Amino acid sequence: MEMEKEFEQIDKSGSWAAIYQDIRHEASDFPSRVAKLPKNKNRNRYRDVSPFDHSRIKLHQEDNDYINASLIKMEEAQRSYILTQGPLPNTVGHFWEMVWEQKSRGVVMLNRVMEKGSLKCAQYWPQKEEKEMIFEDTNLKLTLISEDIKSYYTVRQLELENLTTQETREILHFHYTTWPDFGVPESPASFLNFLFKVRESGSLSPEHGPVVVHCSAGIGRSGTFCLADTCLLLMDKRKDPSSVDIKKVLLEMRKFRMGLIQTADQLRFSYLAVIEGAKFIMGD
Ligand SMILES: CNC(=S)NC1CCCCC1
Numbered sequence: 001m002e003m004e005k006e007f008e009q010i011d012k013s014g015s016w017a018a019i020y021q022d023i024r025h026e027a028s029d030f031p032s033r034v035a036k037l038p039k040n041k042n043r044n045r046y047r048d049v050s051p052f053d054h055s056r057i058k059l060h061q062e063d064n065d066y067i068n069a070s071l072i073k074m075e076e077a078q079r080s081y082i083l084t085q086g087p088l089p090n091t092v093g094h095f096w097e098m099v100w101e102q103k104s105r106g107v108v109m110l111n112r113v114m115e116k117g118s119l120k121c122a123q124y125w126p127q128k129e130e131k132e133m134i135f136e137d138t139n140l141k142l143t144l145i146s147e148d149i150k151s152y153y154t155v156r157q158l159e160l161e162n163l164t165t166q167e168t169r170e171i172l173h174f175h176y177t178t179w180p181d182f183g184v185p186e187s188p189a190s191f192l193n194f195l196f197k198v199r200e201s202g203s204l205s206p207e208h209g210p211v212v213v214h215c216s217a218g219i220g221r222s223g224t225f226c227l228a229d230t231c232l233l234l235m236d237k238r239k240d241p242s243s244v245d246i247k248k249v250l251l252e253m254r255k256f257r258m259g260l261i262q263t264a265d266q267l268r269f270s271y272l273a274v275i276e277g278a279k280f281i282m283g284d
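Quick note on the deposited numbering: the sequence shown kicks off at 1 and runs consecutively.
Structure (structure tokens):
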């Protein structure tokens, strides 16, 4: 079926939970043996969210190459994404090592450091220009260059230096700051505006390594971001945009990381975002 009318048909019939459970039943199951090794327990935020072995990002280190991060490679859309958990106190250095080694331009953050009165990820970037951060375990230096605070999101320019080679690179930090503590946003308008700002920066384009996207677990809000982006790109590429099947795209993405889209409300919100986003692209 088309999307917008499949949408109204699920609303009128109140069957979002049944649709979402079908997706969960059909989703791929692949091994994640490296994630479950005992030496990696303090590298995982949640015991039930792990990268598959076949698609995990490897750190360029011979001691321990493990990070909770997956490469989502979308062949028809010609986009790649790295989805990862929010960094932990003992993985902030690994996180920036990955950004460096994978040649990423942008980092997309969809959570606040504290939500619901608890810490959802480490304070992993500097908050003042004159107070830079040094990660001694991976030999990297990170400096805040500039910060632009808007009503729904903040964009930061950061300098990452490989202290071993003295090479430097500019990294863009795109921080969506207004996702509600419970539920999903009422309108997708500010999320779409944010997605378009990431796009306009070059961070999603083939001349750079894959964008790094995270929330707390790296599957829920993060899944919504890449699902909406890929679906809108396919609607632009194809002769028949109504042929884009969001459930099929989501199942393809779940071949590369488990659990993408965590609730039926997140599924409905993803439909809403793609539907509204397709009108703004045109032709309008
Ligand atoms: C309408 N069908 C679609 S969009 N099928 C898939 C979606 C994910 C990747 C390949 C095409």
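Backbone N, C-alpha and C fix where the C-beta goes; we use that ideal spot for every residue, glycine too.
For residue i, collect the residues of the same chain with a Cβ closer than 7 Å to its Cβ; drop the 5 residues on either side in sequence, then sort them by chain order.
i      : result
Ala17  : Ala264
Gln262 : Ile219 and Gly220
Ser32  : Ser50, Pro51, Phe52 and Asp53
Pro188 : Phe269, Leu272, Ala273 and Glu276
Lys255 : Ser28
Please work out which residues of its chain come closer than 6 Å, Cβ to Cβ, to residue i, disregarding the five sequence neighbours upstream and downstream, and give them in chain order.
i      : result
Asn139 : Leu163 and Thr164
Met133 : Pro126 and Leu142
Under 7 Å from any heavy atom of ligand 2, does the C-beta of residue i make it?
i      : result
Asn162 : Absent from the structure shown: ligand 2. Ligands present: ligand 1.
Which one of the options has the shortest CA to CA distance from residue i?
i           : options                           : result
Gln266      : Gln9, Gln21 and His208            : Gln21
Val107      : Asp236, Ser201, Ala27 and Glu4    : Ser201
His214      : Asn64, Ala69 and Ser242           : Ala69
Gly277      : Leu250, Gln85, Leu234 and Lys247  : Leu234
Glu207      : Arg105, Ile82, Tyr46 and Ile72    : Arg105
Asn64       : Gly14, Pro38 and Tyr152           : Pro38
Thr177      : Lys128, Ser203 and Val113         : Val113
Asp29       : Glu4, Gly283, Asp284 and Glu252   : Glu252
residue 312 : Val34, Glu136 and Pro241          : The requested residue 312 is not part of the displayed model; the chain covers only 1 to 284.
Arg47       : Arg257, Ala217, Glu129 and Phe196 : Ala217
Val198      : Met74, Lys5 and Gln157            : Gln157
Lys128      : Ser146, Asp284, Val92 and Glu8    : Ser146
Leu59       : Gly86, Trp100, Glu75 and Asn42    : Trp100
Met258      : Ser203, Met109 and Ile23          : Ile23
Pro89       : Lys248, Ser243, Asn44 and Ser151  : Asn44
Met1        : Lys248, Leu260 and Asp284         : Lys248
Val211      : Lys73, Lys150, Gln9 and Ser190    : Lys73
Which same chain residues end up closer than 8 Å to residue i when comparing Cβ atoms and leaving out the 5 residues on each side of it in sequence?
i      : result
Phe280 : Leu192
Problem set entry | Segments assigned alpha helix (DSSP H), at least 4 residues, entirely inside the region 192–266 | The DSSP assignment places 221–237 and 246–253 as complete runs of the alpha helix (DSSP H) inside the region 192–266, in order along the chain (cut-off: 4 residues).
Problem set entry | Heavy atoms of ligand 1 versus C-beta positions, residues under 5 Å | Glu76, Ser243, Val244, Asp245, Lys248, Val249 and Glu252
Problem set entry | Continuous beta strand (DSSP E) assignments of at least 3 residues falling wholly in the region 96–170 | Here the runs fully enclosed are 106–109, 133–135, 140–149 and 153–162.
Problem set entry | Any beta strand (DSSP E) of 3 or more consecutive residues that is wholly inside the region 15–58 | Runs of the beta strand (DSSP E) lying entirely within the region 15–58 and spanning at least 3 residues, in chain order: 56–58.
For this session: Inspect the CB distances between the region 177–184 and the region 62–80 and report whether three or more fall short of 8 Å.
Result: no
Problem set entry | the region 223–241 contacting the region 113–122, beta-carbon criterion three pairs below 8 Å | no
Exercise. Of all the alpha helix (DSSP H) runs that stay within the bounds of the region 65–101, which reach a length of 4 or more residues?
Worked result: 92–101
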